[PDB]
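So this first bit is one chain, no partners, the form deposited in one PDB entry, shown in structure tokens.
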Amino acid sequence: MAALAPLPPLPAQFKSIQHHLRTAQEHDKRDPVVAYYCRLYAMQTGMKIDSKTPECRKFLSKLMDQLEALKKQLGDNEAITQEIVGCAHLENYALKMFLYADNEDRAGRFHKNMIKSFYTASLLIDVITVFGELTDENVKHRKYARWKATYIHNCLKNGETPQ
């Protein structure tokens, strides 16, 4: 296991994945499994958005290189080799985060920390889709997480206590 050098300035054309990359940077230390899959999403999303401009072409090339090196570092890892356990693990992680926010939600305790939990949970769901699965059930949750994320945030700006 080792820490790879940071990627060069990220253009605005990748503002959408910008957050995803940062999330991986953090998860990289806590858990390379999530960070690994996270990088995959970026690359897949990166090419989907574009695939030209010497800036992008180079960016993708660099990102791809990091992915290859990362996979090698782990070697096998049941989480990487066997997507079966890796996927199941991701699902559990998202659930724990979501439930945690839900637990405090009904408890009548709202805060910025929870806001991040809902939003972050949404990012995790995206990382799950890359697998190719993703059922309607998860989709419903994503819609709720996004709504709850903004609903609370929007209400915060308005100066109103969540409910």
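Throughout, we count residues from 1 along the sequence that is shown.
There is another form of the same protein, the form deposited with a partner chain bound; it is not shown, and what comes next is about it.
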| query | finding |
| --- | --- |
| Proximity of residue 91 to the partner chain in the bound PDB entry, heavy atoms at 4.5 Å | no |
| Close approach of residue 134 to the partner chain in the bound PDB entry, 4.5 Å, heavy atom | no |
| Any non-hydrogen atom of residue 60 within 4.5 angstroms of the partner chain in the bound PDB entry | yes |
| Residue contact check: residue 107 to the partner chain in the bound PDB entry, 4.5 Å heavy atom | no |
